[PDB]
Structures are given as structure tokens and as C-alpha cells.
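Shown below, as C-alpha cells, is a lone chain in the form deposited in one PDB entry; questions about how it binds or moves come after it.
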């Protein structure tokens, strides 16, 4: 929060030690400044203490305060919800952001950065090759900016391989190509690789897999592709491309031509010391693929965050992906936790319990529920750990059964092992409820790839079906064995890149390449048309689970 430079910052130690006191001061400030705002005044008539806050300010989801956002979106002053002015709305839910909040988030990334260098060796020797892409932005009925967390961040170079001109290119395909082409030219000075999310990084790699001949023609030739037409991208890359380089292009041609893409990330960027991308929550689905390309590079997730709030860091970057735990940053805002009618302070949180973060914010959110489940796993200093379980919203439900993101993540994780004996792997997956049969049943869509022209093994695929069911909750398995209101589960296999076509579908509906996440459930009849369109084979569970 205050004034840190870039010598040594033991603030990391103060923040994580005076947690109880730093949190009381954050709450004291929000209630004090915002005491005269329509939202906060209505519940507390100028009261500024925690005990009145916990009695009379309700714990809310996004629905409840949408009217306030819509009003500000529609030109009413920021004092409905926020003292300071509202700099942007972020993206279909729109979240108010204030400059001062934005700059606090960025300031924290700077102060956290010396911790990374101590923990992973040689991170300081070179620049990052981390892929961000901006999104087309809007403006309200009045002139309020509407943007993306990534886009908002980016509007603000020393340590990135890619010149700012290029990452800010309006066209994300051209920018990916060009960020790829700069990082190839500068492989010798790349000390890490990344993207915000594991899946976004894999998207880039796939791109490299399908566009590495043209990249390498461009390096030999020394002349750019004319698929890339934006002036910024073209001018911006002149500094990088310069003189023809046949030996490097041959050196790259050598790695991409091989029969396996195993360890390609180590072979292309031999000096990279880690891969930075989020591998928690749904993003654990992509660890097997990432590990396969990593060539033993460590996988590090460091940040847990949201439009609403910047919550926690991984103070243990080099750990098992299966053991990441994020430490709530006590000065980002006032954190409560709803066990899962009991809500609890950051300090009172009990280890091994599942909570949903409930935040109060410097940009107009009061006791706001984030929509995620966390499990308290311990303390970094005096500051609590949590591990990410999943989004807290049911993903599938035929009737009484409720399946959540995590227990479906587990059930697929368990099941996809039975694939791995024939060098086959589950690329991505999603689901829906089929109310068309009587009884209804679950449907999982599996896109298979391989580490190498293959066909699903029918006997294996029906044990994949069974293994999902067997991992689901007692209420499901009882529906199937006893109540007979749940039909045999079904896995549909989809053409490769079916999931990319699902993605592009949601991009043309306002989503962002950088912030995208594959839905583990799909109701949008929109997206079902695509999924069924890419279906090749279907299998059913032939055994009945047990309960």
C-alpha cells in the first residue's frame, strides 16, 4: 500500500504479520470515506464501525447491486456506490474500477516481484515472454470506458520480450503471431514463458504448432508475413526482425519438425527457468499437456484475482501444482468468508474448511460475494492460505443431485487416466444435462488428442464413463442405482479443435482471449449446436455405480 521502491521490501513481511490490524484499518477507511454514498448511507447513517457494518450491510451477489451499476453505466454519479470517481467498467457483468484501486493492484505486482527472484534462480537474467492480448473496448451511453482487466492493466516494457506496440495490437491473431515471432528471435534472453491462464498459453502453443513454418520463413527471409497488416504490429517489429537469419530459422525448423512435441518449450527457449500460468481450479485440466510441453520447466501460479478484487499470492512459487495455496493480501480490501448462515473474518478462518470470499472494496463493493470456493490450508506468517476448489455454482443437476465444478473436475481427472495407456489424452471437456431421455442423464464432451490418427477404444471409453459416475456424489449414484431418475452417463467425443471453435464462439460474444475459460457446463443453446456438430462417437456407462 505505501511508497515501496525496488530495493528490499520487507513490506511483504509486515503485510503478512499485522493482518488483524491492517484489515481493521482497511474497513475503517472504506466506511469512513464512503459514509456519504447512496448505497452505504442507506444501510449505515454515518456509522463507521465493524459491528454496525456486520449487522446492517447485507451479504450480496451481483444481482442485488446490478441496479447501481446500471445507473452509473447510464450516467448517474459515482456516489451511488463510490466516493472516488469510477474510471472504467470491466466485462455480461460490469464491475466498477477506480484509478486508485487499479494502481494499487499494479503496485502490489511490483512489490511482489523481488520475492519471485529470490525463490527461482536466474529469473533476473532475462526478460519475460508472457502473452497478453487486448480486447476491443466500448463506452457507455455517456462516455465511461468499458474494458477488460487485461486491457485496463495494459494501458499503463523493460522486462517483456514483446514491445508494447505489439501486445496492444488491436487484432489478437496478428499480435499472437508477432509476440511469438519476437520471442523466437530472442530465445537466448527468455528467462520465463507464460500467459494468465494455462489454457491461454496452450492456445499460443497450438498456434506455434500450426504456424511455425511461416514464422521460420519470416526469420530466414528477414521479411514479415503479409498476413499481418496492422501498422503498429508491422512498424513495431522492424526493430526485431532486421537481417535475415538462416541458421536460427534452421535451428527452430529443427525442433518443430521432430516426431514428438515433448519438451518443445525447453528446446525452443533453453534459458527459461519457469512457466508462469494459473494452474489452479479448472486450469488443473491442462497440467498434463503443459507438463508434456514443459520439458521439466517448473509450473508456477502466483496470483488469484478477479475484476472485483485482487485477493492472494502464492508465496511458494516452486511447489507441486497440486499444492498451490494463495495468501490473501490484507491491504487489497476487507475480506470476509462465508462457510459452506455464518460469515467470518480473515483471521477467524478455520483450517480445512470451505469458505466463499465476501469482499468490501475501494471501488464500490460492500460485502460482495466473489463466486468461488476456497479451503483454508494454513498460514504464511500470520496471513491465511487458501487453495482453490472451484466456482461455487452447480454445474449439472438432473433433479435432487447437484454436481459442482470441482467434483466434476475430479471425476474427469480420475477417468482420463484410463486413456493414457495408448498415448492418448483428454485435451478439454465440458458437459450438459440431457432431459431428452427418460430418465435424463449427464453428457460429457471429450476432445482427444495424442502425443503423436487414432480411434477411441470402446471398452476403455465405457470405463471412462463408469469412472466419472463412480466419483460423483452419493445423491447422484443413488439416483442411478436406487431412484432410477438418473440415466447412464454418456461421453461424446468431438473432432479436434472443436473446443477452439467453442472458444471463438464465445469470443464473438464479448469474451477476451486472455481472460477466457472453457465452461465446464453449457446451457447456451448457442454453444450446443457447435458441440453436437463436432461429435464423432458416443459411449455410455454399462455398469451401475454403487451406493
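Superpose the two forms; the largest set of C-alphas matching within 1.5 Å is the rigid core. Numbering follows the first chain given and starts at 1.
This protein has a second form, the form deposited with a small molecule bound, left out of what is shown; the following refers to that one.
Looking at residue 192, you'd find a heavy atom of it within 4.5 angstroms of the small molecule in the entry with it bound. Within 4.5 Å of some heavy atom of the small molecule in the entry with it bound lies at least one heavy atom of residue 277.
Remark: residue 126 does not count among the residues lining the small molecule in the entry with it bound, judged by a heavy atom distance of 4.5 Å or less. By the criterion of a heavy atom within 4.5 Å, residue 138 is excluded from the residues contacting the small molecule in the entry with it bound.
Remark: none of the three candidate residues (104, 335 and 366) comes within 4.5 Å of the small molecule in the entry with it bound, counting heavy atoms only. Across the options 67-75, 421-429, 170-178, 297-305, residues that bring heavy atoms within 4.5 Å of the small molecule in the entry with it bound belong to 297-305.
Proximity to the small molecule in the entry with it bound, taken as a non-hydrogen atom within 4.5 angstroms, holds for one residue of 183, 196, 384, 330, which is 196. Put simply, of 349, 202, 150, 398 only one has a heavy atom within 4.5 Å of the small molecule in the entry with it bound, and it is 150. For the listed set 424, 264, 116, 297, the sole C-alpha moving 2 Å or more between this form and the one not shown on a rigid core superposition is that of 424. Once you line up the core between this form and the one not shown, the Cα of residue 374 stays within less than 2 Å of where it was.
After superposing the rigid core, the C-alpha of residue 459 moves by 2 Å or more between this form and the one not shown. The Cα position of residue 482 differs by less than 2 Å between this form and the one not shown after fitting on the rigid core.
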